[PDB]
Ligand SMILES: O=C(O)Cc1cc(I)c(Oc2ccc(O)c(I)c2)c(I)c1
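Here we start with a single chain on its own, the form deposited without this ligand, put down as structure tokens.
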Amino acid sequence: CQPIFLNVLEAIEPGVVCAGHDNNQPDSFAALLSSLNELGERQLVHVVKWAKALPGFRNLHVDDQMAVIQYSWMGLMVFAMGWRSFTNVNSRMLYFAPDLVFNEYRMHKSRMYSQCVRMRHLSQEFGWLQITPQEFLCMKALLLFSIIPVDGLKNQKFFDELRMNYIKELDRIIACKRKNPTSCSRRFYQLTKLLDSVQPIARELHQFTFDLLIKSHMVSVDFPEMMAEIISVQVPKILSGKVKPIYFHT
């Protein structure tokens, strides 16, 4: 009676990814943001390899596979970053990468202090709720299937079945090692609330990156190849209401 599903998620979990930032140089808006964009491109490559290895993922239509990756990367990366911050610096700072750790001073220099405050808060939730490594892994996987277009995907049916199974697994991690049914229901309630709080944060970051892309030539900020294309084509659909997140609560 081994955790086949959990074994897989643990086995495919990406490793450490550096941004290539030079902490030796004085912090400047352009340098910090250029480093974040580069980190995004690097983690994006890792999110693709991780996703392809997820149970059932290759069952979706190829066009849908690219759609969920293009729409949910922000949320996925913010959630993982929140976990890294918690486990590494106990949510004291934002652990984007080993060579890119944000303190209060960098949060201000990046011109996105408010958004950083919410990310730090999410990170603190991992501690306040005592989120376990297993629960973390399952929630992150579910985040890949939490945002889609209102007009539906090419094969909406396969997607619905896939998302339904992942919610079921999360239920399994909570159900097991817990006799009291009231505590199970309470736990599911708390975790679904946690997952929903990720969406508002991702939207604010979407708006911010989109605006920066438009005026990137003025602030001397560079956007990688894939990043610039996703933000100019996919992100706008999110901001115009064409693509929306799936919330458990209202």
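We number the residues from 1 along the sequence you see.
Although it is not shown, the form deposited with this ligand bound is what the next lines describe.
Asks: Taking the pose of this ligand in the deposited complex and superimposing the surrounding C-alphas onto this chain, would you call the site open or blocked (blocked if 3 or more ligand atoms come within 2.4 Å of backbone or C-beta atoms)?
Replies: Result: open.
Asks: Any of the heavy atoms of residue 172 lying within 4.5 Å of this ligand in the deposited complex?
Replies: Yes.
Asks: Quick one: does residue 158 come within 4.5 Å of this ligand in the deposited complex, counting heavy atoms only?
Replies: Residue 158: contacts this ligand in the deposited complex.
Asks: Would residue 59 count as touching this ligand in the deposited complex under a 4.5 Å heavy atom rule?
Replies: Flag for residue 59 set to yes.
Asks: Hey, in the deposited complex, does residue 86 get a heavy atom within 4.5 angstroms of this ligand?
Replies: Output for residue 86 is no: heavy atoms all beyond 4.5 Å of this ligand.
Asks: Can you pick out, from 165, 103, 90, 114, the residue that has a heavy atom within 4.5 Å of this ligand in the deposited complex?
Replies: By the 4.5 Å heavy-atom cutoff, the listed residue in contact is 165.
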